[PDB]
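First up is the structure itself, then whatever we jot down about it.
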């Protein structure tokens with residue numbers, strides 16, 4: 001015979017609990033990747049982005065190493 | 001190549017009477033001339049400087 005139902009209250013805050021939030025952790029990860037890719041894409045034209053980030057990527061990075069010949073540059 | 005030849009006609013014929021005031025020497029560079037050719041054209045002329053120390 002069972003006298004009482006068997007349960008606990010899990011910690012919660014603002015209607016979030018750890019079981020639920022843990023299911024969304026990977027989704028935040030992907031959104032963060034999406035935001036990272038998008039941000040980097042937006043500033044791909046910025047020279048510093050090319051100099052510091054994009055030109056350092058292996059294989060692909062030579063796409064961003066481009067020199068104007070000194071003969072063709074007024075400045 | 002036609003643009004470069006056209007600059008030479010401008011310079012030797014038209015420029016006696018006609019100005020080209022909106023074009024700077026830097027504008028020719030990498031269009032019709034190299035940096036060095038255009039600097040040579042600029043350096044042959046005299047332009048007004050800022051006044052000297054006695055004004």
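Bear in mind these aren't lab numbers, they're just calculated from the coordinates by the rules spelled out. Don't worry about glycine lacking a Cβ; one is built from the backbone with ideal geometry, like all the others, and counts go over all protein chains shown.
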### Message
Within region B:4-21, list the residues whose amide N lies under 19 Å from a label point set 7 Å along Cα→Cβ of residue B:37.
### Response
B:4-15
### Coordinate range along principal axes, alpha carbons of chain B, Å, largest first
48, 27, 18
## Note on the structure
With a Förster distance of 30 angstrom and the Cβ-Cβ distance between residue B:20 and residue A:37, calculated FRET efficiency to the nearest 0.05 equals 0.05
### Task
Go ahead and estimate [θ] at 222 nm for chain B from helices alone: -39,500 (n - 2.57) per DSSP H run with n ≥ 4, summed, over the residue count, rounded to 500.
-10500 deg cm²/dmol
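On average, how many beta carbons from a partner chain sit within 10 Å of the beta carbon of a residue in A:68-75? Don't skip to the end; give the middle numbers.
On the way: counts 1, 3, 3, 7, 6, 5, 10, 3.
Counting Cβ atoms of other protein chains within 10 Å of each residue's Cβ and averaging gives 5.
Using the Kirkwood formula on the Cα atoms of the protein assembly as shown, what hydrodynamic radius do you get, in angstrom to one decimal?
For the protein assembly as shown, the Kirkwood estimate is 22.5 Å.
Using only helices, what value at 222 nm comes out for chain A when you add -39,500 (n - 2.57) per DSSP H run of length 4 or more and divide by the total residues, to the nearest 500 deg cm²/dmol? Don't jump to the answer; show the numbers that get you there.
Numbers: 2 runs with 31 residues, N = 75.
After summing the helix terms and dividing by residue count, I get -13500 deg cm²/dmol.
How big, in percent, is the set of alpha carbon pairs in chain A lying more than 19 Å apart?
Tail of P(r) above 19 Å: 66 percent of Cα pairs.
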### Message
Can you tell me the orientation of helix A:18-42 relative to chain A, as the angle in degrees between its alpha-carbon axis and the longest Cα principal axis, to the nearest 10?
### Response
10 degrees
